[PDB]
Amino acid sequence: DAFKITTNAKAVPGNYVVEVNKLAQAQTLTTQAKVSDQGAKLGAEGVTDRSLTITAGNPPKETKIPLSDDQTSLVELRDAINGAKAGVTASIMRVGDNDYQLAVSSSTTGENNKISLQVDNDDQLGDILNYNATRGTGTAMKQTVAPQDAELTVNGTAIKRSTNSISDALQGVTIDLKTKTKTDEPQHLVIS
């Protein structure tokens, strides 16, 4: 139940027990500013050198993208971010009528697959999107899902990995994680 197994000729037939303690997660950052209209421009008027720099991936890569005034609505920011292929994906959460938030999620899972966002030349948009090591008030960009590694034990040996597809721990075996195992309840595996 907690995982799928695939094997090749290198797998050793035998008795295995597996515990799954944590699944790898992609960090998510979500806007917190009150936005009643996902098509309304949120940036300052008349800026010709606005950009957004996204740092993401492992190793971290920085992508800088220009944004016209028209691209400062949630919908257009989402489109610009997705089109940039910057190691993140963007989607809009309609929390309720007149209440929209933009969620930026790492394209890759893992503890070290974190995100920073920095707006240049638009402090007003910066107050909505900027995200780095420190956070000062309630309406700034906020982490809503933590970056996390997968953590499992195979025959009692603890393994940590950046993804939920573990192909480089046991030769000939790939363990694709689906859920945690129950707390005092290792799952049994026979390879034959």
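All residue numbers refer to positions in the sequence shown, first residue = 1.
*Asks:* Comparing 95-103 with 76-84, which stretch shows the greater average C-alpha B-factor in the deposited entry?
*Replies:* The recorded data point to 95-103.
*Asks:* When the C-alpha temperature factors are averaged for each of 11-19 and 177-185, which stretch ends up with the higher value in the entry?
*Replies:* That would be 177-185.
*Asks:* Per the PDB entry, which option out of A44, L52, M141, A56 has the greatest Cα B factor?
*Replies:* That would be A44, according to the entry.
*Asks:* For the C-alpha B-factor as written in the entry, point me to the maximum among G126, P147, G136, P66.
*Replies:* If I rank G126, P147, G136, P66 by C-alpha B-factor, first place goes to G136.
*Asks:* Can you tell me which third, lowest, middle or highest, the CA B-factor of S165 falls into for its chain?
*Replies:* It falls in the top third of the chain.
*Asks:* Compared with the other modelled residues in the chain, in which third is the CA B-factor of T153?
*Replies:* CA B-factor rank for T153: middle third.
*Asks:* Please place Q38 in the lowest, middle or highest third of its chain according to the CA B-factor in the PDB entry.
*Replies:* Middle third by C-alpha B-factor.
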